[PDB]
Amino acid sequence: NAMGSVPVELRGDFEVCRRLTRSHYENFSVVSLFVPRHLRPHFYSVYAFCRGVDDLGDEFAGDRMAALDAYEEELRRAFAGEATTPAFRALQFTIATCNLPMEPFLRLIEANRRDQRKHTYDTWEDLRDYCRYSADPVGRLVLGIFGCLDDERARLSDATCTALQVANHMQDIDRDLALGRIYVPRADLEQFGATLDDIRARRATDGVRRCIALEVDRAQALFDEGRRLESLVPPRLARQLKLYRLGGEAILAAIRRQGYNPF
């Protein structure tokens, strides 16, 4: 019972975070299978925060930018000790207890703005750069919760978080296409004589397959580099990281076992 490790006055607010988290993330029992009871509440508040950013995505009615600005306002208030939501009161306690920096929260907010303005990616560097906002900040906050957040370990965390997002992008070419987005870099397709039109026309040409393979290799190399973090953290966090890695590696392995063919 994670709720018992939080102060009595805050248990309601953390209960909200727990509800919002469990209902939004179907696999949360796996994501938190290793987290000690005294740290689970911080997972719930951080994940409720991410859910809040998700909800202001494609299906949100209203000025996305204005909504996100207001959400950023709430976030800053939570760092000033003047939160007004149950979710953000819980986050406020978490921020303080785990000494979390503000930048990763602001980057997750910015990730949503990045997704608004880009439907296609020109280069690998552009995709990598998106990952610095959409994927990396989660890993950094997780290290923060465990007392492991410094530049060296963050660097290794980022390799893993980025690897994971790429792996997921690659297995989700079809899903993303149906939503109006292509994450496969334009230059990496052209490097093998393919184009974005191939992706739109769901054609798994030799160029397409070689481009997917290039991304898979990049992500595998990032997993390999990320792996080092597993030796630098408490064993509970280490096993959690290993398991994210295994999941990501298995996604790559299924892509390979499909001849690098989405669709």
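Numbers for residues come from their place in the sequence shown, where the first is 1.
The stretch with the higher mean CA B factor, choosing between 74-82 and 137-145, is 74-82. As listed in the deposited structure, the average C-alpha B-factor of 186-194 and of 107-115 is greater for 186-194. Among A254, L243, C17, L10, the highest C-alpha B-factor recorded in the PDB entry belongs to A254. Set against one another, the Cα B-factors of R236, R228, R37, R210 in the record reach their highest point at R210.
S45: CA B factor lies in the lowest third for its chain, per the PDB record. Remark: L156 belongs to the lowest third of its chain, ranked by C-alpha B-factor as recorded. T94 sits in the lowest third of its chain by CA B factor, as recorded in the PDB entry. Among all modelled residues in this chain, the alpha-carbon of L232 has a temperature factor (C-alpha) in the lowest third. Ranked within its chain, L164 lands in the middle third, by CA B factor from the PDB record.
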